[PDB]
Structure formats: C-alpha cells, structure tokens
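Single chain ahead, by itself, as structure tokens, in the form deposited in one PDB entry.
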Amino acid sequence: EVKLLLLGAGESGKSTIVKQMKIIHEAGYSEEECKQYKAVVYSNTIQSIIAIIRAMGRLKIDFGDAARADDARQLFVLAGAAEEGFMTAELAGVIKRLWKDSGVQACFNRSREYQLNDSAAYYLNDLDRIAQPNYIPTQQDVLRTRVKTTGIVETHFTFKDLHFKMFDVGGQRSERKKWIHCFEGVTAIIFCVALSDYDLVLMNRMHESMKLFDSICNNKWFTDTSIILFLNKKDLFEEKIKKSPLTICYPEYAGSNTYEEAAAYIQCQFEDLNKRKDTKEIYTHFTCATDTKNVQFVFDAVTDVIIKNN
C-alpha cells in the first residue's frame, strides 16, 4: 500500500490526475456518474464565456458583429436565473453567437492577459453537443471539468499488486501548507506544474510554481519521498510556445521558442532547484493530464519507480 500526494499550484492538474486514476484503474465514469458533472460543465462553460467577454471591456475591444452587443447583456441576465444542472437553448444560443464572434475570438486569443479556464475553448466549441437537454457529459468532458478542490480528496485503487492511497490537497494556502506537513513521510509525491503558465503574468506564475517545488523538494519532511514531477499541460504549452516566447517567463533563456527545447529548459529550471542531487533523484514526465492514454503510460512509469524505491 502506497501513499501518493498530489501537490502543486491550483489548476496545475492534481484533480484531473485523480480522475485519470479512477478512469484507468478502478472503472471510470458510468454514464450515471458523468451525468453528475452536467452542472459543472455548464458552470465552467458559462464561466469561460463571461470571463472572455468581461475581458473585452478591460482590454478595450469591440465585438465582431456589432449586434452581439445584445447577446452580451443577455448572457449576464441569463447567467443569473440559470437553473444549475440545465442550460436553456436561449442561453445556449447567446453563448454560441458570442463564441463565433470576431472580436470575442480576438479576446480569447489574448487570453493570457487575464483569467480564463483552460477548458474554455474545449467546451465552447462542443457547445452544440453540450447544449442538448439530454446531453450526457463524456469522460473527457468530466476530465476537462474545473472545480476548486477543498479539504483533502482521497482516492484508492490497486495497480500492480499495489494498494494506492492517493491524496489531492485543496484548502487555503496555509492550512494546505499545514496539511502537507502532516503528510511528511509519504511513499510518493506527484508535484504538478502547468507548463502553459509560463506566459502568464499572475512574480511569474511559473516562478511561483518553482518556488513551491523548491520547498517541497528540499524539505526535510520528504527525504525518503520519491519526488515525482509532472510537467503537465504539455499540449496547451505546444500550441502556446509557437506564439509566446519562453523569454517572457525566463529572460535568461537563450534557446528557441520550440516545444522540445523550451519544455526541456523548464524541466531544467525545476530540476536545478533540487539541492541534494547526489542524494535524491527527481522522476519527471511531461504530461497532458486530460489525456488518458498519456497518463496511463506515465503512471505506469511512476509505479515501476515506486516499486523499486521501496
């Protein structure tokens, strides 16, 4: 029986990794279980479009089809009386026309300049499928779900004759930091880093993640804890690096803005934080948390290592 502790800044993907464990080892999501997330998908979806639109204002930008001005105001009024767990084709229509707007899509691409759900685009596009009244959220839909984790979530599953007891720690900064403390001496830690946070001006979000990793990695609490590093959201990174310069996050970066090199660099910047390199090793994997195939492959490796290290 092993105790794995998902760690890392919010939105790095701890939760998504939990679901993948469910989907990959125990059973997954019954058409029944999925139905549960209908309200979350709607919530996320509406949240995504509102954010983008409410951003057009600040970033000073006009809608494509001048008429979308009506749908904009409509969006809000309909978001208020929204009966969670169900979305009206009326609202479904408002979002749809807005998402297909020239100026709105322009704001969407200027996404880094504000806060926007990673899943924003994924849901919005599939809006036709999701707007249906009988719509049953797919496993991917569930995986793309974004819900702030509170308290500590604990999942169980057996893999390779091993009883895994995983832990995702939500809660505020301090008590979280304090909960981590009562987690000193865990079999393993899977620290997640959202690679796509390099170009975000949230200190830098990436450096923040780094600072956090530095603490966990060189912390006396985990001197016998397999520090596993998930350089996650590699997909969003790839689509992003070809437009945004890694320099934004690392001015001391001489390489080129290409997935391979930049990714490699980020991995370097994190691994370099490890002080006791001769004593303890960092097991890294570039991941796409939402990608089940990727995560199974990756978790396979994590297990193997876990097995040896003990």
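What we label the rigid core is the largest C-alpha set whose atoms superpose within 1.5 Å from one form to the other. Shifts are known only where both forms have a C-alpha. Don't overthink the numbering: it's just position in the shown sequence, from 1.
J.: Per the entry, how many residues of the deposited chain go unmodelled between residue 202 and residue 203: none, 1 to 3, 4 to 9, or 10 or more?
T.: The entry has 4 to 9 unmodelled residues between residue 202 and residue 203.
J.: Select between 63-71 and 280-288 the stretch whose C-alpha atoms have the higher average B-factor in the entry.
T.: Result: 63-71.
J.: Comparing 211-219 with 142-150, where is the mean C-alpha B-factor higher?
T.: According to the entry, 211-219 carries the higher average C-alpha B-factor.
J.: For the listed 78, 121, 228, 236, which has the peak Cα B-factor recorded in the PDB entry?
T.: Going by the entry's C-alpha B-factors, 78 comes out highest.
J.: Kindly indicate the residue among 127, 166, 194, 186 with the greatest C-alpha B-factor in the PDB record.
T.: So the option with the highest C-alpha B-factor is 186.
J.: When the modelled residues of the chain are sorted by Cα temperature factor, does residue 134 land in the lowest, middle or highest third?
T.: For residue 134, the deposited C-alpha B-factor lands in the highest third.
J.: Quick one: classify residue 31 as lowest, middle or highest third of the chain based on its Cα B-factor.
T.: Top third by C-alpha B-factor.
J.: What third of the chain, by the recorded C-alpha B-factor, contains residue 82?
T.: It falls in the top third of the chain.
J.: Sorting by Cα B-factor within the chain, modelled residues only, which third would residue 89 end up in: lowest, middle or highest?
T.: Its C-alpha B-factor, which the entry lists for residue 89, ranks in the highest third among residues of this chain.
J.: In terms of the chain's CA B-factor thirds, is residue 249 lowest, middle or highest?
T.: As the PDB entry reports it, the C-alpha B-factor of residue 249 lands in the middle third of its chain.
Same protein, other form: the form deposited in another entry, not shown, and the subject of what follows.
J.: Please name the one residue from 157, 122, 114, 179 with a C-alpha displacement of 2 Å or more between the shown form and the other one, using the rigid core for the superposition.
T.: C-alpha shift of at least 2 Å: 179.
J.: Is the shift of residue 300 between the shown form and the other one large enough to count as movement, that is, does its C-alpha move by 2 Å or more after the core is superposed?
T.: Yes: residue 300 shifts by at least 2 Å between the shown form and the other one.
J.: Between residue 299 and residue 12, do the C-alpha atoms lie closer or farther in that other deposited form than in the shown form, with a difference of 3 angstroms or more?
T.: Result: farther.
J.: I want to verify one pair: residue 171 and residue 11. Are their C-alpha atoms nearer or more distant in that other deposited form compared with the form I supplied, knowing the change is 3 Å or more?
T.: Note: Cα gap between residue 171 and residue 11 shrinks in that other deposited form.
J.: Considering only residues modelled in both forms, extract each run of at least three consecutive residues whose CA displacement is 2 Å or more throughout between the shown form and the other one after core superposition, in sequence order.
T.: Core-superposed, the runs shifting 2 Å or more come out as 170-182, 297-305.
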